[PDB]
Each structure stands twice: as C-alpha cells, then as structure tokens.
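*Asks:* Opening with a subset of the complex:
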Amino acid sequence: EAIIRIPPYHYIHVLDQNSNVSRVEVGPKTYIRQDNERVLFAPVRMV
C-alpha cells in the first residue's frame, strides 16, 4: 500500500531510491509514499 501508517513513538526508514537517502520518519503521521520514500520494515515496536 502506498500509505505508510505509523504508531506513536514508532518510526520507519524510507528508501528514497532517487537517492537511497534512507531517513528515519519519526512518527506518528499518515505519511504518504511515492516510490521516493520506499518503506523498509514493519511497525514492530522497537522497545
């Protein structure tokens, strides 16, 4: 799904394959993905 969808103190790495500048998107928000913010992993808690 083009919509990435984050719990509150969660964050995911977006693979900007225009630059592969993988950057943490500190949540939470309804971040929207073009294929320039490609998500890598899951909403796993990361205690």
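*Replies:* That came through, no problem. Numbers count the residues shown, from 1 in each chain, chains lettered A, B, ... in the order given.
*Asks:* Would you confirm that residue A:2 contacts residue A:31?
*Replies:* No. The pair formed by residue A:2 and residue A:31 falls short of the contact definition of Cβ atoms under 8 Å, at 10.2 Å. Heads up, the C-betas are built off the backbone N, CA and C, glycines and all.
*Asks:* These two - which one has more neighbours?
*Replies:* More neighbours surround residue A:31 than the other of residue A:2 and residue A:31, with 15 against 9 (other Cβ atoms under 10 Å).
*Asks:* Which residue is the nearest non-sequential neighbour of that one?
*Replies:* Spatial nearest neighbour of residue A:31, chain neighbours left out: residue A:4 (5.0 Å); criterion: Cβ to Cβ, 6 or more residues apart in numbering.
*Asks:* Chain B should go on the structure too:
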Amino acid sequence: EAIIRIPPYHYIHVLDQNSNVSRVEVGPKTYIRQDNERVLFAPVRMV
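*Replies:* Same chains as before, plus chain B:
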C-alpha cells in the same frame, strides 16, 4: 486508488465527506486522497 492523478489544466471535485465541501482542486498535482477529499468524476478534458 487513493492517488488522484491530474493532467495540467484539469481539475476535479473532492467530496470531503467530513463536510462534503466539494471544492475544485485546480491541477496539476499528485493530490493524495484520504476519505475526506473523495474524487467524483474522471480526468475528462473539460474544454
């Protein structure tokens, strides 16, 4: 599709069914739709 996708001098009516404030989204842009900007019609040219 959640992504609405507009040619240059085109525009579509987004049905904000939180308010049904149908407003013209004068293009062009990769406008993204929550179900608060519900698209109504097609990318037909509208001469």
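*Asks:* Please give me every residue in contact with the spatially most central residue of chain A.
*Replies:* Closest to where the C-alpha atoms of chain A average out (Cα atoms, centre = their mean) is residue A:12, at 3.7 Å. With Cβ atoms under 8 Å, 6 or more residues apart in numbering or on different chains as the criterion, the residues that contact residue A:12 are A:4, A:6, A:24-25, A:27, A:39-41, A:43.
*Asks:* Looking at chain A, which residue is nearest chain B?
*Replies:* Among residues of chain A, the one nearest chain B by Cβ to the nearest Cβ turns out to be residue A:32. It sits 4.9 Å away.
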